[PDB]
Each structure stands twice: as C-alpha cells, then as structure tokens.
Ligand SMILES: NC(=O)[C@H]1CCC(=O)N(Cc2cccc3c2OCC3)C1
Ligand SMILES: [Zn+2]
C-alpha cells in the first residue's frame, strides 16, 4: 500500500483504489496501473520534474529504503497477476531490487522529489510506475 499527496490530488496504484477514489476520480489509466482522485486537504509531497535514473525506494516487505539505479519509463511486458491479465504496462521503470505484491504504493524518490510508486516485481526486479510526466499534478 501507499499513495502520493500533492496539492489537492491523491495518486495511488489503480488496482488498490478505494470506492471514494473512484467517486472522486480525476484521471486513471489501466495500462499505467495509476489512478488520481481529488482531496479536501492539501498534500505535502513534491513531484520530481527531471530525468534522474538514481534514487531511493521504500520496500515494506523488508522495512528498508534501498538506493537504486532505474531504467527510463518504457512499455514493458508484465505477467498475469491477481489484478490484470498478461499485458504491456506503459511508463514503467525497472531496477534490481526486492518487490512483493503488497509493496505496491511504496515511493521512489530522487533529489527533486517523488519519481513514482512500486507497481511490479519478480525475478529480483522491482518496477515503478512513473508520475514525472503528469505536469498537471503541480497546478489547480
Ligand atoms: N502493475 C501490475 O500489473 C501489478 C498488479 C498487482 C500485482 O500483484 N502485480 C504483481 C506483482 C507486483 C509486485 C511484486 C510482485 C508481483 O508479482 C511477483 C512479485 C502486478
Ligand atoms: Zn530527479
């Protein structure tokens, strides 16, 4: 689990969104595994606006924050899971590291702010859904 809180927006993994998130939906994309909903209170997170390929992510299944090198956002084949059939997921970045399904939502951050959230894993790899291209998260 986990979310990003920026301005009056809440960013979560689409597969973990609640009834309230869908009722207050701003934008969602199944191919990215992302959903953004509106909030009443102001958030305190800052979204990175950069092309960084190094950062730190939180891994709940190890209670640890790991420094990682990660790939640029791309279209990557993701195996079938409990929440989606086998498909290509877009805007996905991979790193060598540990990930289990319940780790989804863990933040990846660089010196500029939040880069994305954990979304995939397996085979000693961890994948993150990028949010740095969602420029509208910085306004209204
Ligand atoms: N973005 C997706 O398609 C998600 C949907 C929910 C989900 O359980 N997975 C599989 C998954 C995620 C993280 C870690 C691991 C996983 O499988 C093995 C280790 C993929
Ligand atoms: Zn950065």
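Following Swiss-Prot, chain A shows residues 869-1008, kept in their order.
So this one's X-ray crystallography, 1.4 Å, going by the header.
Cβ atoms are placed via backbone N, Cα and C, with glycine included.
Residues annotated as active site, for protease 2A activity in Swiss-Prot, with similarity to another entry given as evidence: 883, 901, 972. For 918, 920, 978, 980, the entry in Swiss-Prot reads Zn(2+) 1 binding site.
Recorded features from Swiss-Prot, shown on the structure.
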residue	record	DSSP (3 states)
883	active site, for protease 2A activity	helix
901	active site, for protease 2A activity	coil
918	Zn(2+) 1 binding site	coil
972	active site, for protease 2A activity	coil
978	Zn(2+) 1 binding site	strand
Among 920, 972, 980, which are recorded as recorded positions, the nearest neighbour of residue 901 (active site, for protease 2A activity) by Cα: 972
Entry from the recorded positions list 918, 920, 972, 978 having the most other CB atoms no farther than 10 A: 972
Count of other CB atoms lying within 10 Å of the CB belonging to residue 980 (Zn(2+) 1 binding site): 15
Rounded Cα-Cα span from residue 920 (Zn(2+) 1 binding site) to residue 883 (active site, for protease 2A activity), Å: 26
Active-site residues close to ligand 2 - of 883, 901, 972, only those whose C-beta is under 6 Å away: none
Shell of the Zn(2+) 1 site beyond 918, 920, 978, 980, same chain only (C-beta within 8 angstroms of their C-beta centre): 916, 917, 919, 923, 979, 981, 983, 1000
Nearest-integer angstrom distance between the alpha carbons (Cα) of residue 980 (Zn(2+) 1 binding site) and residue 972 (active site, for protease 2A activity): 21
All-chain count of other Cβ atoms within 10 Å of residue 901 (active site, for protease 2A activity): 25
Residue 978 (Zn(2+) 1 binding site) to residue 972 (active site, for protease 2A activity) - Cα separation in whole Å: 18
Surrounding CB atoms that lie within 10 Å of the CB of residue 883 (active site, for protease 2A activity), all protein chains: 16
Sequence-ordered recorded positions from 901, 918, 920, 980 with Cβ under 6 Å of an atom of ligand 1: 901
